[PDB]
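Notes to accompany the following structure.
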Amino acid sequence: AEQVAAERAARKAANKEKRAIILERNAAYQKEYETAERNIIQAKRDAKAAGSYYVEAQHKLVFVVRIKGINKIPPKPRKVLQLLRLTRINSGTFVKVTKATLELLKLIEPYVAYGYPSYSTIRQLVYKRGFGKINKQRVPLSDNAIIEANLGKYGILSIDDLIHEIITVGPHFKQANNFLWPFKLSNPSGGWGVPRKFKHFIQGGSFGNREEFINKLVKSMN
Amino acid sequence: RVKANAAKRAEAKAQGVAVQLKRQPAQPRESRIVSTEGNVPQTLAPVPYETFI
Amino acid sequence: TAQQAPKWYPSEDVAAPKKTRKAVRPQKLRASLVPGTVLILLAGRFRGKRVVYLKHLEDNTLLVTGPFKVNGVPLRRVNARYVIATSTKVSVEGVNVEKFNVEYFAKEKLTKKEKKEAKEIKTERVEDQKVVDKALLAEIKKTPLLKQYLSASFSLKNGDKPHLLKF
Amino acid sequence: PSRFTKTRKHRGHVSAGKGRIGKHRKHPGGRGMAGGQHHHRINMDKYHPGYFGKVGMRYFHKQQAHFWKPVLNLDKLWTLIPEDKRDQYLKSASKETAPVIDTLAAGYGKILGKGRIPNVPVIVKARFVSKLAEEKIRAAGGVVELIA
Amino acid sequence: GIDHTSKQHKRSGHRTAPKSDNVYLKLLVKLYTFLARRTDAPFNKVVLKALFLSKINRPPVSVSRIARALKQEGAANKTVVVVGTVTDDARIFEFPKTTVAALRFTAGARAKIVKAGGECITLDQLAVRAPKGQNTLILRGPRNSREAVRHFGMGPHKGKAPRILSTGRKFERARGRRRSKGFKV
Amino acid sequence: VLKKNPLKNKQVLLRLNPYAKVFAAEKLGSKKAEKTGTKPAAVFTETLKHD
RNA sequence: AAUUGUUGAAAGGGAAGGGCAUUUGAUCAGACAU
RNA sequence: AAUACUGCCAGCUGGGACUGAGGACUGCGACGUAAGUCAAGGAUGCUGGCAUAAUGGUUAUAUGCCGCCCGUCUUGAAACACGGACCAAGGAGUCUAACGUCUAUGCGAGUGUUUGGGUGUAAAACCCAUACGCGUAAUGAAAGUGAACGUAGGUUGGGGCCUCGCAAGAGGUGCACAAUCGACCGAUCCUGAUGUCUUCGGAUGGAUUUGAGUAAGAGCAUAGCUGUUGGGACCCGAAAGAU
RNA sequence: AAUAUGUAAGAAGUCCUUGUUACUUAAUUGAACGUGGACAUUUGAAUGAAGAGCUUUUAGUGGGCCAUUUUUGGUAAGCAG
RNA sequence: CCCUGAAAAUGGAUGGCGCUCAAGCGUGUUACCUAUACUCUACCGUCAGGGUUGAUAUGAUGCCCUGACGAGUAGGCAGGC
């Protein structure tokens, strides 16, 4: 196979075109995020100016991290944790928010800390602790080629494609989140901010729906 | 429901559109604006304890 | 036979190491090590003595001098981490430093077979020292107590807080 | 052998693979077949359902020689003809020269009718023949001639 | 710790390489391992996996079974593949010419096949004749008909062939088998 | 062989995300939003400051 | 081997023994010498 | 207007600690028109001292912290529960008859030489006739009867193969196996043909009946682990009974 | 009431036509099983599936104890159930 | 909150010392300490998925790549001394 130059040129051209497509898609996604957040802010401002209240839409996804160990767990919460793939003590998973998943979270309330992650939290999670599920093996999300090989069926071509399908619950969110391996997060740097974790966050504890406060905890635990 | 999905699927195929035949769990409610025209909020506070016995 | 020969002898050649990627960029020196700064030696033969920083040598070392007429520290090189950079700067433009490089302090190595080292200075080195120190002494003299200061040797006194002591 | 036995693997283990609570005692459930109508009843009714009791009349001084009657089916009926003559007789299907098969001399008593046979005549000599075996042989074109 | 949802370190449970010191069988296993590695033909995988089966798992396929398989429409000229032993059947009389490939052939079965006009082939010759198993028909002997199987799963109202040593009127057909004596199974 | 973090390694960051270069060039992380001045309604302000 | 004598070393405020880690004393291999 | 608070930056930058796994290139990518360079699929560069008990190992000791006596019965043992003063040697799931599952092997509708004969370099090895044992036929108490309507059947799912197709898939063939509906053999209950030692024969056709059956054989023999039974039966142990 | 609990959420299905029958209906009426034809990527809610299904054989065990909650006998018990 | 109610036998126990705008009680916010837990890395082993015919320093039971996992009496099996 003395002909290597043609193969190199073809591969380089294909990679250049793929990188250009990924760049244009990421630019479109950045424009979309800016447009959505600025539209939400301006809608709030306009309602307040007109004399009303703008009730934001309920968040579409949650991030759920186990907080409890593995010993002495009742069967129903244990099974729900297994179904949410929070096997280890500090594993984490994104979950679409519907009635069924809300009931799931209510069943596993005393063993998880969950909220709605921001784009910053989601992006940092995918970049640092993003791992795939190729051939039942947990491969790291090192290059966009790995993501294109498996999720090219659904149009998820890049890691930012994956982040987009995660942040905006989309047509293939189930497939994207299933492809993402359960994140193994470290303990929160600087502690949990609480003397005792095993009370609901409302009760001055750590578990339960922390909602918007989940970002700080997840960033510390990353 | 089986024949209902049959009817919707036939109609969607005739009109060349997606079927979306699956049910969906209760989705989170979308964003909406609540007016105050004749609905000024009423301030509510706890009630002090008074025995009825 | 006392021990049966193994079926498989491992390969005998030495495999070359892979192409490492550790290209050397020149060392960045902290801003306090401006040439012409009065430093203090914290380790070595001349520990505690104050010297003048002249040139950053080709390798990561600092060429320093007493100047030798005061406190008897000759032209040496030291390491940045082993000196403390005071704020008593002295002008250095009056001396020539291009001659002194890494090869200038070349040690004539003696093999380990000698073992008879139980019992002199280069004349070139003594003349360079006498010219550099005589060129630096005039710069030193322009300020009141710098010569006596360089003759003195640094030493922590009781109650000193190196975390709060300015330099 | 004795080196592959699990006893060698059990050296160093206190109970030697026989448990700590219910140690290997002499005979906890009685000797062999003890308590068939008793504590072993569940096993003896689950795996040997028709054991206890008696069925049928007796036969004093029964001799198996009288009952000697090995059975032979038609598919195997062509085996008693020697191998080399087999194709010669199969090819030459003739009522004039159909082969004689002495099943008794071979060692069989009864000829039964399982399977088919090629459509060639054959004189079969048999102590006993089933109805269907005789029907099949006669349909093929031979004759079942009884002997003794 | 891990909330283990599956039994850890459990073996796949399937035989890999035969549990036999037959050097020639090992050679065939090596050959078809290479073929299954570097060929996308599922025939290679299935024959490699069948090379491992035990004796009770490799029932002897009869030449009568061979003929019945060849009787199938569109499979008259196919090469029959048998990972096992082919046995002579003195019940059939007309046998069709074919190329039968198997590990071991009984003397009678080999004689029958060569007399019919076809030729007997060993699995290495099969590999050199059809690397991807083209025009091949895999046969298999009957598994459920061995003597030991009839006793399996015995219980009441199952009728699974009691393990009685000596069969007779007295043995294992008294009370518990007929309604007059006790009950019925 | 090794897992290099995109966040703390600019090289692998640019590998994973081609948009990172133009993002840094345009300083989109500290974008200056346009200043639009609208005032909340007196009803809202009174309801906020109400007992 | 249990057990005992002498010599030598060491420790020892109502047990001795042990694990992790090092100071101290005694003792010791390998490698540059290629 | 600022600031506090919260949040973001694919903003910059300083100090510290641990790690250096891999070993020709391959891949992704960045800077450069380019050559090439690079922090880009895991450490390199420069320098110093020692080159021997210096590092390290072993051992004794000190110090800091931890450390209950082992085996056994037990829900629970350090137990104020039992055995153990110490040491050397001996010391406890073996063998056999019959076997169950699984596995290896030889032959395979056959299989098993070794009861015996022949032979022998002599308890070895080699050869062999006739039978018998098991299997190729089951069922019934027994008399007895005794397994193809058919391409050894129909339906469903089937690995694999074949045909078409770039593939997705479609069609054909579909062994093994699984479910089911039938056919046949036997038994039980029925129906009772030709006929006739006129009381014998049981043709044909049925049954929410059942049998350890047939439905193009799968067994025999040897060896092995495990398990079962009788044997002293894993080792040691009675009060007793008899001659 | 709460907690627990059964079933279903399709391909072994649905729709159209017409076949078999000794069952059934006054009647091809109906019942069961069928021939042929039609369906899509959402093939009939969510989540997860670490492979799914199946077989043989066999060990030890068959003295239990405690904690939250419900609860019986008892005044109660480191009581008994 | 404190005091009386408040009596048991060897000397004695917020663990001890001891503590009084506490080192007590109630509450709030930070900082900090450390498990064989969590995160990353190395190594050992196991399991699983794979690559490798090229003559072969041979041996395909060999070499190599990827991922996850590792507690345990009775007991089972395997590899070994």
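Each chain in the structure tokens gets a letter, A, B, ..., in the order shown, and its residues are numbered from 1; ligands are numbered from 1 in order too.
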Handout entry: Those of stretch 55-129 of chain E in DSSP strand (DSSP E), formatted as a count of residues only
Key = 21
Exercise for the section: Write down, as a list in words, each residue of chain B that has any atom within 12 Å of an atom of chain I, counting only C-alpha atoms (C1' of nucleotides). Expected result: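 The selection requested is residues 1, 2, 3, 4, 5, 6, 7, 8, 9, 10, 13, 18, 19, 20, 21, 22, 23, 24, 25, 26 and 27 of chain B.
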Export N, CA and C atoms of the chosen residues as a tab-separated table (two decimals), in the first residue's frame?
```tsv
chain	number	residue	atom	x	y	z
B	1	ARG	N	-58.98	2.09	22.58
B	1	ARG	CA	-57.82	2.89	22.23
B	1	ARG	C	-57.09	2.33	21.03
B	2	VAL	N	-57.13	1.01	20.84
B	2	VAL	CA	-56.47	0.41	19.69
B	2	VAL	C	-57.05	0.96	18.39
B	3	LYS	N	-58.38	0.93	18.27
B	3	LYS	CA	-59.00	1.49	17.07
B	3	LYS	C	-58.87	3.00	17.03
B	4	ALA	N	-58.80	3.66	18.18
B	4	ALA	CA	-58.54	5.10	18.17
B	4	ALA	C	-57.20	5.41	17.53
B	5	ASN	N	-56.16	4.68	17.93
B	5	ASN	CA	-54.85	4.86	17.31
B	5	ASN	C	-54.89	4.49	15.84
B	6	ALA	N	-55.68	3.48	15.49
B	6	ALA	CA	-55.83	3.15	14.07
B	6	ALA	C	-56.37	4.34	13.30
B	7	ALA	N	-57.40	4.99	13.84
B	7	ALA	CA	-57.99	6.14	13.16
B	7	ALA	C	-57.00	7.30	13.05
B	8	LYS	N	-56.33	7.64	14.15
B	8	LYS	CA	-55.38	8.74	14.11
B	8	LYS	C	-54.22	8.44	13.17
B	9	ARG	N	-53.74	7.19	13.17
B	9	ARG	CA	-52.64	6.81	12.29
B	9	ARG	C	-53.06	6.89	10.83
B	10	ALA	N	-54.26	6.42	10.51
B	10	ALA	CA	-54.74	6.52	9.14
B	10	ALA	C	-54.87	7.97	8.71
B	13	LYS	N	-51.36	9.43	8.20
B	13	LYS	CA	-50.77	8.92	6.97
B	13	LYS	C	-51.41	9.57	5.75
B	18	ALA	N	-46.66	13.31	11.03
B	18	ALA	CA	-46.25	12.36	12.05
B	18	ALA	C	-47.45	11.90	12.87
B	19	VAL	N	-47.37	10.66	13.36
B	19	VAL	CA	-48.49	10.08	14.09
B	19	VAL	C	-48.46	10.49	15.56
B	20	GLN	N	-47.30	10.36	16.20
B	20	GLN	CA	-47.15	10.63	17.63
B	20	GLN	C	-48.16	9.84	18.45
B	21	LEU	N	-48.26	8.54	18.16
B	21	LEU	CA	-49.33	7.72	18.71
B	21	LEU	C	-49.12	7.37	20.17
B	22	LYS	N	-47.91	7.48	20.69
B	22	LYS	CA	-47.66	7.12	22.08
B	22	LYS	C	-48.27	8.14	23.03
B	23	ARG	N	-48.71	7.65	24.18
B	23	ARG	CA	-49.13	8.53	25.26
B	23	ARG	C	-47.91	9.21	25.87
B	24	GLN	N	-48.16	10.18	26.74
B	24	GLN	CA	-47.07	10.84	27.42
B	24	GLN	C	-47.43	11.02	28.88
B	25	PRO	N	-46.46	10.89	29.78
B	25	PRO	CA	-46.72	11.21	31.18
B	25	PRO	C	-46.91	12.71	31.35
B	26	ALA	N	-47.47	13.08	32.49
B	26	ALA	CA	-47.78	14.48	32.74
B	26	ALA	C	-46.52	15.32	32.65
B	27	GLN	N	-46.42	16.13	31.61
B	27	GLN	CA	-45.25	16.96	31.37
B	27	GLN	C	-45.25	18.17	32.30
```
Problem - Shell around residue A:78 at 10 Å using only C-alpha atoms (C1' of nucleotides), local window under 5 positions removed, as a ChimeraX atom specification - result: /A:70-73,83-84,86-87,107-108,111 /E:3
Can those selected residues be exported to a file as a PDB file, in the first residue's frame so that it contains C-alpha atoms?
```
ATOM      1  CA  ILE A  70     -25.559   0.981  50.046  1.00  0.00           C
ATOM      2  CA  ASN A  71     -26.432  -0.618  53.389  1.00  0.00           C
ATOM      3  CA  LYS A  72     -29.879  -0.724  54.987  1.00  0.00           C
ATOM      4  CA  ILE A  73     -32.016   0.489  52.085  1.00  0.00           C
ATOM      5  CA  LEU A  83     -33.388   1.914  37.871  1.00  0.00           C
ATOM      6  CA  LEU A  84     -31.892   5.403  38.031  1.00  0.00           C
ATOM      7  CA  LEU A  86     -27.259   5.460  41.137  1.00  0.00           C
ATOM      8  CA  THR A  87     -25.512   2.302  42.288  1.00  0.00           C
ATOM      9  CA  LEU A 107     -39.807   7.604  46.558  1.00  0.00           C
ATOM     10  CA  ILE A 108     -36.023   8.020  46.742  1.00  0.00           C
ATOM     11  CA  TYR A 111     -31.209   8.937  49.648  1.00  0.00           C
TER      12      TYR A 111
ATOM     13  CA  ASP E   3     -25.122  -1.820  44.988  1.00  0.00           C
TER      14      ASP E   3
END
```
Practice task
Can you check which residues of stretch 6-207 of chain A DSSP gives as helix (DSSP H, G or I) on the backbone and send them as a count of residues only?
Solution key: 107
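From atom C1' of residue H:216 back to atom CA of residue E:65, the distance works out to 5.7 Å.
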Practice task
Check every residue of chain H for an atom within 12 Å of chain E, counting only C-alpha atoms (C1' of nucleotides), and provide those that qualify as a PyMOL selection string.
Solution key: chain H and resi 98-110+135-136+139-142+151-152+159-163+172-178+210-213+216-219
Practice task
Excluding residue J:64 and any residue of its chain fewer than 6 positions from it, enumerate the residues within 12 Å of it, using only C-alpha atoms (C1' of nucleotides), and give them as a VMD selection string.
Solution key: chain J and resid 50 to 52
Restrict the calculation to only C-alpha atoms (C1' of nucleotides), then for each residue of chain I with any atom at most 10 Å from an atom of chain E give the closest atom pair and their distance in Å to one decimal, rows by chain and rising residue number, as a tab-separated table.
```
residue	atom	partner	partner_atom	distance
I:50	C1'	E:6	CA	5.9
I:51	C1'	E:12	CA	9.8
I:55	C1'	E:152	CA	8.9
I:56	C1'	E:152	CA	7.7
```
Would you export the selected residues with C-alpha atoms (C1' of nucleotides) as a PDB file, in the first residue's frame, please?
```
ATOM      1  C1'   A I  50     -25.374  -5.423  34.164  1.00  0.00           C
ATOM      2  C1'   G I  51     -27.215 -10.444  28.286  1.00  0.00           C
ATOM      3  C1'   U I  55     -31.777 -28.109  32.119  1.00  0.00           C
ATOM      4  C1'   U I  56     -29.243 -31.595  35.367  1.00  0.00           C
TER       5        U I  56
END
```
Problem - Spatial neighbours of stretch 16-24 of chain F, 12 Å, only C-alpha atoms (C1' of nucleotides), chain gap at least 4 places, as a PyMOL selection string - result: (chain A and resi 15-31+123+126-128+141-147+157-161+163) or (chain F and resi 4-7+9-12+28-31) or (chain H and resi 9-11+28-30+40)
Practice task
Excluding residue J:25 and residues on its chain fewer than 3 positions from it, collect all residues at most 12 Å away from it, counting only C-alpha atoms (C1' of nucleotides), and give them as an NGL selection string.
Solution key: :J and (1-2 or 22)
Selection export as a PDB file, in the first residue's frame, atoms kept: N, CA, C and O atoms (P, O5', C5', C4', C3', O3' and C1' of nucleotides):
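The file below, out_26.pdb, is the result:
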```pdb
ATOM      1  P     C J   1     -36.049  23.320  80.469  1.00  0.00           P
ATOM      2  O5'   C J   1     -34.841  23.752  81.401  1.00  0.00           O
ATOM      3  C5'   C J   1     -33.592  24.111  80.841  1.00  0.00           C
ATOM      4  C4'   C J   1     -32.835  25.038  81.752  1.00  0.00           C
ATOM      5  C3'   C J   1     -32.619  24.552  83.171  1.00  0.00           C
ATOM      6  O3'   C J   1     -31.564  23.621  83.298  1.00  0.00           O
ATOM      7  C1'   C J   1     -33.356  26.787  83.218  1.00  0.00           C
ATOM      8  P     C J   2     -31.642  22.486  84.428  1.00  0.00           P
ATOM      9  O5'   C J   2     -31.640  23.308  85.786  1.00  0.00           O
ATOM     10  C5'   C J   2     -30.458  23.951  86.231  1.00  0.00           C
ATOM     11  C4'   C J   2     -30.695  24.715  87.504  1.00  0.00           C
ATOM     12  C3'   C J   2     -31.217  23.912  88.678  1.00  0.00           C
ATOM     13  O3'   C J   2     -30.205  23.207  89.361  1.00  0.00           O
ATOM     14  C1'   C J   2     -32.492  25.872  88.452  1.00  0.00           C
ATOM     15  P     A J  22     -18.910  32.349  77.624  1.00  0.00           P
ATOM     16  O5'   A J  22     -17.826  31.705  78.594  1.00  0.00           O
ATOM     17  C5'   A J  22     -18.222  30.839  79.648  1.00  0.00           C
ATOM     18  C4'   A J  22     -17.490  29.527  79.624  1.00  0.00           C
ATOM     19  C3'   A J  22     -17.794  28.641  78.426  1.00  0.00           C
ATOM     20  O3'   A J  22     -16.656  27.824  78.172  1.00  0.00           O
ATOM     21  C1'   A J  22     -18.488  27.553  80.386  1.00  0.00           C
TER      22        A J  22
END
```
Problem - chain C contacts to chain H at 6 Å (only C-alpha atoms (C1' of nucleotides)) as a list in words - result: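 Matching residues, ligands excluded from the count: residues 17, 18 and 22 of chain C.
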May I have a table of the residues of chain D lying at most 12 Å from chain J, giving each one's closest pair of atoms and their distance in Å to one decimal, counting only C-alpha atoms (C1' of nucleotides), ordered by chain and ascending residue number, as a tab-separated table?
```
residue	atom	partner	partner_atom	distance
D:6	CA	J:77	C1'	10.4
D:9	CA	J:77	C1'	11.0
D:10	CA	J:75	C1'	11.6
D:13	CA	J:74	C1'	11.3
D:14	CA	J:74	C1'	11.0
D:15	CA	J:74	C1'	9.1
D:16	CA	J:75	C1'	10.4
D:17	CA	J:75	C1'	7.1
D:18	CA	J:75	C1'	8.6
D:19	CA	J:74	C1'	5.8
D:20	CA	J:74	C1'	6.6
D:21	CA	J:74	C1'	8.2
D:22	CA	J:74	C1'	9.9
D:23	CA	J:74	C1'	10.8
```
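Take the candidates F:41, F:33, F:48, F:2 and check each one against chain A using only C-alpha atoms; the shortest distance goes to F:41.
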